[PDB]
Amino acid sequence: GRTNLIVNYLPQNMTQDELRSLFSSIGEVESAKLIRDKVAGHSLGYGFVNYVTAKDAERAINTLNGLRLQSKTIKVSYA
């Protein structure tokens, strides 16, 4: 049933389109949002990805959790 993911510990320089792309490699992404701070607009290094199907969301966690991007290991879990 769950399709909404939170993705933590993204590199500071990863763009919202790159976040979208990484997750679209697994299946159809309904939406992808990179959270930025409202004062200076810098990435806060986390985002939300919502899949069209629950099966794809589960596949995303299984595939992408723990992926090392630049200096850090990302976490992918249910929102």
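Residues numbered from 1 in each chain as written, not as in the entry; some residues may be left out. Heavy atoms only, no water.

- Header annotation of the entry names X-ray crystallography as the structure determination method and lists the resolution as 2.00 Å.

Structural notes on the overall build of the chain
Next up, step 1: A tally of regular secondary structure across the chain gives two helices and six strands.
Next up, step 2: Each helix and strand of the chain, placed in order from N terminus to C terminus, yields the pattern β-α-β-β-α-β-β-β.
Next up, step 3: Computed over the C-alpha atoms, the radius of gyration of the chain is 12 Å, within 12% of the 12 Å expected from 2.2 N^0.38 for a compact globule of 79 residues.
Next up, step 4: If you line up the chain on its principal axes, its C-alpha atoms span 35 × 25 × 20 Å.
Next up, step 5: The proportion of buried residues among the 79 residues of the chain is 37%. (Helix = DSSP H or I, 4+ residues; strand = E, 2+ residues; numbered from the N terminus. Rg over C-alpha atoms; globule rule 2.2 N^0.38 Å. Buried < 20%, exposed > 50% of the residue type's maximum accessible area, 1.4 Å probe, protein only.)

Some thoughts on the environment of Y51
Next up, step 1: With respect to the helices and strands, the residue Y51 is situated in strand β3 (residues 43–51).
Next up, step 2: Distance from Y51 to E28, taken between C-alpha atoms, is 6.1 Å for residues 23 residues apart in sequence.
Next up, step 3: Not counting residues within four places of it along the chain, the set of residues in contact with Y51 comprises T3, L5, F23, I26, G27, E28, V29, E30, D56, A57 and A60.
Next up, step 4: For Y51, the side chain forms a polar contact with the main-chain oxygen of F23, separated by 2.7 Å. (Contact = heavy atoms within 4.5 Å. Polar contact = N/O pair within 3.5 Å; in protein donor to acceptor, adjacent residues only side chain to side chain.)

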